[PDB]
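Next up: a single chain in structure tokens, the form described as "open state" in its entry title.
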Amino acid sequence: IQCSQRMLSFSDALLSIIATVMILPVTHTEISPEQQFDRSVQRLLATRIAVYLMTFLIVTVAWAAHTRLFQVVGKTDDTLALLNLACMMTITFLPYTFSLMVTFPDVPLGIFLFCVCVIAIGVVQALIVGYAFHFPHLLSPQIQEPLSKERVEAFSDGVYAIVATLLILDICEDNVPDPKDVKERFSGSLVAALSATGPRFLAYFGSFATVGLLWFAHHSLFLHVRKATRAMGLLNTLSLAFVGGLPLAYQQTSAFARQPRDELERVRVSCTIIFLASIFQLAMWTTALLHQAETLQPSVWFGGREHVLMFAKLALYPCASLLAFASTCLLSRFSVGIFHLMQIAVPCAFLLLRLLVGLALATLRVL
């Protein structure tokens, strides 16, 4: 008999890596053709984004089945650990097979391989169940629809870390000046070649800050969560899926455009992605409030000490993205500066959120 905490943490890490595998083809796409190949580039980008979303959802369904399986199976052992490794190996093949099926939709080999992967996952899970039931001491006591907050938290943390580090990974792999280009194309100067790679650094900074503040909000929320439901899990899955597109949005924003219309368009798209990623966390919080007694600590109840602070922490990014979108639409001349100042300010708001909340409550007070 062994504790299964670390095995499930390892599984969560693997599954988080496998769910974000199809976002690299998205962030590795052509920024812009620059010869007006505009039609076929956005097409491929949209197809890649659809494939990413579908693969994320499928791997999340697999992860949820795994969580239920090892909620009915309490303690693990050597054989169960090896079978779980086999299950992880099976799951690792879902993105490749799905991409193959949606790339070659006419030949039956792709759907065949997809269904084979699925059936193999199911067979490994059934073997785990059979082993656990042949040895009753490996079953949870109640055996001998709330999700496990542990697994949700670990999975979300992994997704957030990957999405926050994508751009720095790509930088460190590719954007390191080579001496030849330095003292040939830049007239013997390393500082020049490094400044040439400034846009990517600013994109990484923005993406890391945004993803880290969204993780901060998620962490503050789930510190007060008692029982995670399936609806909250769905909303968290949607939030995480839309969190993966922040690196692409920041890449497009920081990149210089041809004419300001594309500037406004890219700012709009980035604000939309942020708004979705954040409004789904806000929806998680409201769905939990629907049943606060069996879902939330009394601190964040209707009338609790930390209720308004949590509302603000979770509604900060959505309101900012909405205001930036309204800027893009109406003003339409100071939109980029508004977006950049919000990039810089939202963090300072998170840092001074308690002071601002008190000031605003006093404002409501004596008026």
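Residue numbers here begin at 1 and follow the sequence given. Take the two forms, superpose them, and find the largest set of C-alpha atoms that agree within 1.5 Å; that set is the rigid core.
The form described as "closed state" in its entry title exists for this protein as well; it is not shown, and the discussion that follows is about that form.
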### Query
If you line up the core, which of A161, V118, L83, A193 has a CA that moves 2 Å or more between this form and the one not shown?
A193
### Query
Honestly, after the rigid core fit, is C172 moving at least 2 Å at Cα between this form and the one not shown?
yes
### Query
After fitting the rigid core, is the C-alpha of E184 off by 2 Å or more between this form and the one not shown?
yes
### Task
Indicate whether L45 shows a C-alpha shift of 2 Å or more between this form and the one not shown, with the rigid core used for the fit.
yes
## Note on the structure
Checking the C-alpha spacing of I31 and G212, a student should find that in the other entry it changes by 3 angstroms or more, with the atoms farther
### Message
Distance change of 3 Å or more between the C-alpha atoms of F256 and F275 in the other entry: closer or farther compared with this structure?
### Response
closer
